[PDB]
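The structure under discussion appears below in the form of structure tokens.
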Amino acid sequence: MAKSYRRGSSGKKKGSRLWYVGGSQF
Amino acid sequence: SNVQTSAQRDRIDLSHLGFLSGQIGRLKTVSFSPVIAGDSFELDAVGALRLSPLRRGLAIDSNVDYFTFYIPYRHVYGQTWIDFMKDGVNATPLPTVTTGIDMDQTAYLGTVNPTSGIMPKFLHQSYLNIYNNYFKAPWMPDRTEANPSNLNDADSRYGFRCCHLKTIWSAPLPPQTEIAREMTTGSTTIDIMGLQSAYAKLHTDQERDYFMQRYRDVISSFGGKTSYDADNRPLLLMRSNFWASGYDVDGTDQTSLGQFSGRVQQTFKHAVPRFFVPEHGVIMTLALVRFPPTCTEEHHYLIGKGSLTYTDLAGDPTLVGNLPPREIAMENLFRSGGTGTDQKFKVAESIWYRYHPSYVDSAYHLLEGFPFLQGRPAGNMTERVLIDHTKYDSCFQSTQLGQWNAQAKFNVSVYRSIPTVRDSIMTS
Amino acid sequence: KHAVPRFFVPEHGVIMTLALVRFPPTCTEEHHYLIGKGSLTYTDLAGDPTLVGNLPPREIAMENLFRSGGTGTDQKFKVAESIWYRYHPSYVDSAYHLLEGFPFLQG
Amino acid sequence: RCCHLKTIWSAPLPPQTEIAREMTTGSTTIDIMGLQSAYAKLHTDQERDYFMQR
Amino acid sequence: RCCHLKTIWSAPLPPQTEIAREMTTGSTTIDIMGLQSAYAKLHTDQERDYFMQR
Amino acid sequence: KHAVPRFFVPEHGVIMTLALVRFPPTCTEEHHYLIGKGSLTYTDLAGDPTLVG
Amino acid sequence: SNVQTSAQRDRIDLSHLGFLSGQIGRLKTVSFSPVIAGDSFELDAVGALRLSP
DNA sequence: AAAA
DNA sequence: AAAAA
DNA sequence: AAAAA
């Protein structure tokens with residue numbers, strides 16, 4: 001009954017990477 | 001080693017969620033996003049709006065408004081902002097404002113109150129500029145609170161009270177309206193050329209009472225125009241208007257078999273066209289919820305006056321278009337209305353032949369579940385035009401989410417010349 | 001549906017399947033970094049590419065992001081120099097605080 | 001227990017992140033070729049802090 | 001009175017032009033990450049001396 | 001001739017026109033920098049791009 | 001920070017004016033221009049010559 | 001070469 | 001592969 | 001942009 005404003009917390013990522021924790025993290 | 005001096009245009013995602021609530025007829029900030037000069041900004045909001053559960057079924061729909069504005073930092077700080085950017089790295093930090101100690105003392109600004117009690121002033125000052133230029137009545141004075149902590153609990157928690165939808169009583173003629181204008185003729189003589197000059201000066205005064213109370217209105221009458229930087233006003237980007245509807249739920253047990261409960265649930269969209277940001281500043285979004293102003297004990301003017309003369313009833317064009325505005329009392333429009341000086345205002349000479357009021361039967365009076373103004377709007381002219389949310393408490397069931405609540409997703413995409421995270425963390 | 005393509009098993013062993021359920025991390029008392037810092041300098045607000053891409057990482061406290069956040073050594077970590085211009089947090093109105101039924105991190 | 005979805009506070013820089021790096025220059029002199037070598041060694045350390053821990 | 005047409009003597013570099021910029025290194029050590037930050041601040045000052053005074 | 005394109009006046013104000021007359025700055029007793037310095041080093045004369053920039 | 005080691009080919013303007021006088025049958029220098037190895041040089045002089053009345 |  | 005299909 | 005879409 002409500003797709004966009006109930007699924008996810010932000011928009012789609014089309015740009016540079018933001019987070020670097022030292023490797024893969026899942 | 002390697003010093004970086006420029007950056008490519010990158011797509012930055014500023015999307016976030018919003019959980020919003022408020023009262024009827026109060027302006028409240030729902031989203032904001034600081035911007036940099038040279039950015040390319042675009043916004044799209046999708047969500048659902050709800051009211052508190054009703055005591056009865058659906059009777060009257062509500063009206064919802066969404067607004068978006070852009071305010072440069074130069075409008076907030078002035079010359080201080082100019083010296084800030086010219087100095088560079090060693091510039092003086094910008095001034096701040098003081099806030100309260102509770103968690104909800106800045107809810108009208110769309111943010112949680114920090115525990116330090118100190119915040120930048122560009123959100124508070126931008127809110128005042130928007131309200132004084134677009135939402136208050138042109139004839140009432142400006143709001144000039146220096147700090148958020150100077151507001152009362154109601155204003156900081158929910159926002160400033162706005163004006164009702166335009167009616168005969170909620171949109172009266174401005175208080176500086178004259179019904180007479182005197183001249184200084186001689187004891188037994190009169191100058192008739194001076195009489196012509198008197199009418200010319202009266203016409204310019206009436207123009208500034210009805211049409212031109214702001215500087216940009218005076219320039220517009222000459223045929224010119226002013227930029228938003230000339231009078232230091234916020235720039236409107238987009239406005240959206242829609243009505244909220246829902247459905248009904250039926251009770252099925254022994255006691256409630258035959259009664260109904262209405263719930264309002266409406267999806268909406270608020271799309272803003274692509275905007276080129278010329279200077280550093282902020283972009284804010286606000287919401288407003290109102291009901292049509294229906295009063296239970298309101299009747300026709302001809303019914304309330306009782307004794308009718310030729311001027312009242314004939315509707316003769318010569319008399320209608322050549323007489324000064326008439327002053328009437330609240331008694332002539334509402335049951336138990338007043339007659340004193342604070343219950344008096346001025347209207348057009350034959351306004352009652354251009355509109356017809358709504359009728360509410362006496363069976364609906366003092367009945368919970370119907371959004372109505374029980375009786376009449378009280379107070380002076382200032383209190384009569386502004387909406388009071390406590391009068392709608394009889395329509396909703398008590399809840400922690402106020403009188404309306406919403407949940408929206410703001411899709412924000414901006415093209416920004418900023419270095420990547422990898423560039424920022426690697427020395428070489 | 002969870003479909004796995006055909007696999008050739010080279011040696012003796014086991015094949016295991018696991019599940020994980022999570023919510024997006026929304027906190028009630030979270031605000032913007034510029035709001036939490038209060039006094040803003042040229043480096044914080046101007047967004048000048050020369051300063052953003054040539055400075056060491058900045059260390060911030062939990063107080064700058066959350067109400068009643070800490071300042072001690074255990075409430076300190078390091079972020080990018082201008083990370084606040086690359087994301088925007090979610091806002092939860094104070095009417096939703098301490099209300100049962102909403103999946104939130106209270107505080 | 002697993003990790004939250006990545007945010008500013010749930011995905012911080014690793015705790016072995018340095019904001020300074022010192023050299024051993026002379027009392028009134030400095031080797032500038034040695035300075036170039038110092039930046040090269042700092043770059044490899046930052047690679048193993050942000051990208052290569054496995 | 002206005003200005004001459006631009007020549008070497010009638011269009012000199014602005015009087016707020018520096019030929020040196022000092023740092024506060026240690027007695028026997030230097031931070032090299034701090035050295036990178038020093039060049040960044042010098043670049044913005046030179047921009048406002050040659051191009052951006054308004 | 002001094003022709004100004006059509007202009008829409010947005011507010012009350014004034015429109016002014018001014019003039020300026022100048023000569024190219026030629027000085028009688030001016031000489032080359034290399035002549036005036038006299039003693040020339042490698043930096044002055046070689047024009048090496050690494051040193052110049 | 002960033003050390004420069006090379007440069008592009010740029011068009012340099014070395015035009016100037018000359019006010020010259022002399023006597024009959026004497027050799028006199030009227031113009032000069034120092035040059036660097038690898039340059040591409042071109043010259044064109046236009047003027048008017050006068051005698052005393 | 002980086003959005004590793 | 002958190003970010004409507 | 002309060003006035004069925």
Side-chain angles (χ1 to χ4, degrees), chain A, chain B residues 2 4 7-18 25 44-48 60-67 134 162-167 170-171 236 238-245 267 269-270 288-294 355-358 371 387 407-413 418-426 428, chain C residues 2 20-26 53 80 86-90 103, chain D residues 2-7 10-11 43-44 46-54:
Chain A
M1 314 80 66
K3 289 296 301 300
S4 183
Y5 48 99
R6 292 221 296 248
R7 186 163 300 181
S9 66
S10 177
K12 202 169 306 178
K13 300 304 178 181
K14 303 180 178 181
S16 66
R17 183 172 174 179
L18 294 179
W19 316 115
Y20 296 91
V21 298
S24 299
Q25 201 192 42
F26 272 159
Chain B
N2 289 337
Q4 182 179 2
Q8 315 262 74
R9 294 279 277 188
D10 191 62
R11 278 158 291 167
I12 300 297
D13 182 74
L14 300 175
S15 295
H16 60 283
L17 294 178
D44 213 331
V46 178
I60 300 177
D61 294 1
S62 60
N63 204 217
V64 182
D65 260 316
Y66 278 101
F67 310 90
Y134 301 100
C162 294
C163 302
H164 280 278
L165 295 179
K166 294 183 175 62
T167 47
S170 62
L236 175 65
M238 189 60 180
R239 179 191 177 184
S240 294
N241 199 278
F242 64 95
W243 300 86
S245 182
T267 58
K269 267 206 56 180
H270 184 57
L288 181 60
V289 180
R290 293 180 294 187
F291 280 108
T294 301
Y355 91 100
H356 198 269
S358 300
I387 307 177
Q407 175 183 345
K409 188 173 188 174
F410 305 92
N411 298 274
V412 185
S413 179
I418 181 178
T420 66
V421 179
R422 181 179 180 274
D423 291 326
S424 295
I425 63 177
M426 301 296 290
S428 300
Chain C
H2 184 57
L20 181 60
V21 180
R22 293 180 294 187
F23 280 108
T26 301
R86 290 180 268 252
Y87 91 100
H88 198 269
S90 300
Chain D
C2 294
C3 302
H4 280 278
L5 295 179
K6 294 184 175 62
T7 47
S10 62
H43 185 265
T44 58
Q46 291 180 347
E47 275 181 318
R48 286 170 166 81
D49 290 333
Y50 305 146
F51 314 108
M52 322 181 308
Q53 292 204 24
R54 293 189 174 101

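Quick note: numbers below take in every heavy atom, side chains included, and nothing from hydrogens, waters or symmetry partners. Each chain gets a letter, A, B and so on, in the order its sequence line appears, and its residues count up from 1.
- In terms of phosphate contacts, A/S4 brings a side-chain nitrogen or oxygen within less than 4.0 Å of OP1 or OP2 of I/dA4.
- B/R422 contributes atom CZ, which lies 11.0 Å from atom CZ of A/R17 (distance to the nearest 0.5 angstrom).
- Dashed line: the shortest gap from a side-chain N or O of A/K13 to OP1 or OP2 of I/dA2 is not under 4.0 Å.
- The side chain of A/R17 places no N or O atom within less than 4.0 Å of a non-bridging phosphate oxygen (OP1 or OP2) of H/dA2.
- Atom pair B/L17:CG and I/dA4:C1' shows a separation of 13 Å (rounding to whole Å applied).
- In this structure, A/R6 atom CZ and I/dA2 atom P are separated by 21 Å, rounded to whole Å.
- Distances shorter than 4.0 Å separate none of the side-chain N or O atoms of B/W243 from OP1 or OP2 on J/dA4.
- The separation between B/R11 atom CZ and I/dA3 atom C1' is 16 Å, rounded to whole Å.
- Distances were taken from every side-chain heavy atom of B/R422 (C-beta onward) to each of I/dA4, J/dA1, H/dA4; the shortest belongs to H/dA4.
- I/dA1 atom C1' lies 14 Å from atom NE2 of C/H2, rounded to whole Å.
- When the nucleotides H/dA2, I/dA2, I/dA4 are ranked by their closest atom to the side chain of B/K409, I/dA4 comes out on top.
- The side chain of D/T7 lies closest to I/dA2 when the candidates are J/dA2, I/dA2, I/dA5.
- For the pair B/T420 and H/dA3, the criterion of a side-chain N or O lying under 4.0 Å from OP1 or OP2 is met.
- Listed candidates were J/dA2, I/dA2, I/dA5. Nearest to the side chain of A/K3 is I/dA5.
- B/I425 places its CD1 atom 10 Å from the P atom of H/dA4, with the value rounded to the nearest Å.
- If you check I/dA3, H/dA4, I/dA5 against the side chain of A/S10, the one that comes closest is I/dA3.
- Under a 3.5 Å cut-off, the side chain of B/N63 and the backbone N or O of B/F242 do form a donor-acceptor pair.
- Between H/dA4 and A/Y20, a contact under 4.0 Å exists linking OP1 or OP2 to a side-chain N or O.
- Rounded to whole Å, atom P of J/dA2 lies 12 Å from atom CG of B/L288.
- Applying the 6.0 Å contact sphere to NZ of A/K13 captures more than 12 heavy atoms from other residues, nucleotides or ligands.
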